[PDB]
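This report refers to the structure that appears directly beneath it.
Residue numbers count from 1 along this sequence. One-based numbering, in listed order, for ligands and for the atoms of each. Every heavy atom of this structure was used, including side-chain atoms; hydrogens, water molecules and symmetry mates were not.
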Amino acid sequence: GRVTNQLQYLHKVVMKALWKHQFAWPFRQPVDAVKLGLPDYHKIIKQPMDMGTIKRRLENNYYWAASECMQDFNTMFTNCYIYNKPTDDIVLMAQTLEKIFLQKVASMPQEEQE
Ligand SMILES: Cn1c(=S)n(CCSc2nc3ccccc3[nH]2)c2ccccc21
C-alpha cells in the first residue's frame with residue numbers, strides 16, 4: 001500500500017502507452033486457457049500476469065515500490081516467451097511491447113518519493 005513518484009510514472013506514463021499500443025490487446029486481460037485452446041498453459045506458466053491485473057494493482061496502491069511493479073511486467077513478458085513457440089506472432093508482439101517498457105523505465109524519474 002503506497003503511492004510514489006515512480007509508481008505514478010509507471011501507471012500514468014509507461015502503462016498508459018503500452019495499454020493502447022496496437023499489439024497490446026492480447027495482454028489487457030488474463031490469458032484464457034479455455035477460450036484460446038491451450039489446456040496446458042497453466043501447467044507450464046505458474047504465475048500468470050497481464051496488464052489488467054497490473055493496472056488494477058497500481059489503481060489500488062497494491063505496490064510498495066516500483067520495482068515490484070516492474071517485476072510483474074517482466075513476468076507477463078517472460079511467460080509469453082517461455083510458453084509460446086519461437087515463431088508465434090505473440091512473441092514478436094511481446095518483444096515490441098517490452099522494448100517500449102524498458103525504454104520508458106530508463107527515463108523513470110529517480111526520486112522514489114512518497
Ligand atoms: C496464440 N494467440 C492468442 S491465444 N492470442 C489472443 C489471446 S491473448 C493472449 N495473450 C497471450 C500471452 C502468451 C501466450 C498466448 C496469449 N494469448 C493471440 C493474438 C495474436 C497472435 C497470436 C495469439
Side-chain angles (χ1 to χ4, degrees):
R2 199 193 186 193
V3 175
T4 71
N5 56 160
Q6 285 185 168
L7 283 179
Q8 189 177 69
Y9 174 85
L10 288 179
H11 177 20
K12 271 46 164 56
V13 176
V14 186
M15 179 61 83
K16 227 289 191 48
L18 295 181
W19 190 280
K20 50 196 57 288
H21 189 285
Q22 68 182 144
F23 299 156
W25 66 272
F27 303 94
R28 292 173 192 141
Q29 66 297 131
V31 173
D32 195 325
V34 186
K35 230 295 283 296
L36 298 309
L38 314 341
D40 65 326
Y41 185 77
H42 297 280
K43 314 279 190 180
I44 292 165
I45 298 310
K46 292 313 196 182
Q47 190 194 165
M49 189 44 61
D50 65 275
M51 292 181 305
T53 305
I54 306 295
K55 187 169 67 71
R56 176 166 56 248
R57 292 182 170 178
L58 291 157
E59 302 172 340
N60 303 332
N61 285 47
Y62 170 79
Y63 298 121
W64 167 264
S67 66
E68 330 175 336
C69 164
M70 289 165 48
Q71 223 44 264
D72 277 350
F73 275 107
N74 185 75
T75 294
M76 166 180 87
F77 292 136
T78 299
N79 286 341
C80 184
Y81 307 137
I82 295 308
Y83 176 76
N84 300 285
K85 308 185 181 60
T87 44
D88 295 324
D89 291 343
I90 190 72
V91 166
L92 241 52
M93 296 170 68
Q95 301 179 103
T96 308
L97 294 167
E98 183 165 42
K99 292 161 155 59
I100 303 290
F101 168 73
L102 289 185
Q103 284 177 177
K104 294 300 189 172
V105 157
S107 296
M108 188 166 58
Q110 282 306 303
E111 299 273 55
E112 177 58 69
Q113 308 182 74
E114 296 192 64

Indicate whether [atom] is within a distance of less than 4.0 angstrom of some protein heavy atom.
{"atom": "atom 1 (C) of ligand 1", "result": "no"}
{"atom": "atom 17 (N) of ligand 1", "result": "no"}
{"atom": "atom 8 (S) of ligand 1", "result": "yes"}

What I'd like to find out is whether the side chain of [X] reaches to under 4.5 Å of the side chain of [Y], using heavy atoms alone.
{"X": "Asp72", "Y": "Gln47", "value": "yes"}
{"X": "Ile90", "Y": "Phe23", "value": "no"}
{"X": "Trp25", "Y": "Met93", "value": "yes"}
{"X": "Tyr41", "Y": "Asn79", "value": "yes"}
{"X": "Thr53", "Y": "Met76", "value": "no"}

Starting from [atom], which protein heavy atom do you reach first, and at what distance in Å?
{"atom": "atom 3 (C) of ligand 1", "answer": "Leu36 CD1, 4.4 Å"}
{"atom": "atom 11 (C) of ligand 1", "answer": "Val31 CG2, 3.8 Å"}
{"atom": "atom 19 (C) of ligand 1", "answer": "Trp25 CH2, 3.2 Å"}
{"atom": "atom 21 (C) of ligand 1", "answer": "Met93 SD, 4.0 Å"}
{"atom": "atom 23 (C) of ligand 1", "answer": "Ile90 CB, 4.5 Å"}

message: Is there a polar contact between ligand 1 and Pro26, counting only N or O atoms under 3.5 Å apart?
response: yes

message: For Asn84, which part has a heavy atom under 4.0 Å from ligand 1: side chain, backbone, both, or neither?
response: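 For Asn84, only side-chain atoms sit under 4.0 Å from ligand 1.
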
task: Supply the atom-to-atom distance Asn74 CG to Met70 CE, rounded to the nearest 0.5 angstrom.
output: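 The CE atom of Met70 is 8.5 Å from CG of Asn74, to the nearest 0.5 Å.
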
task: Give the C-alpha distance, both sets of side-chain angles, the deciding distance and a yes or no for salt bridge (charged side-chain N to carboxylate O under 4.0 Å, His left out) between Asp50 and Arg28.
output: CA-CA 6 Å; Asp50 65 275; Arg28 292 173 192 141; over 6 Å; no

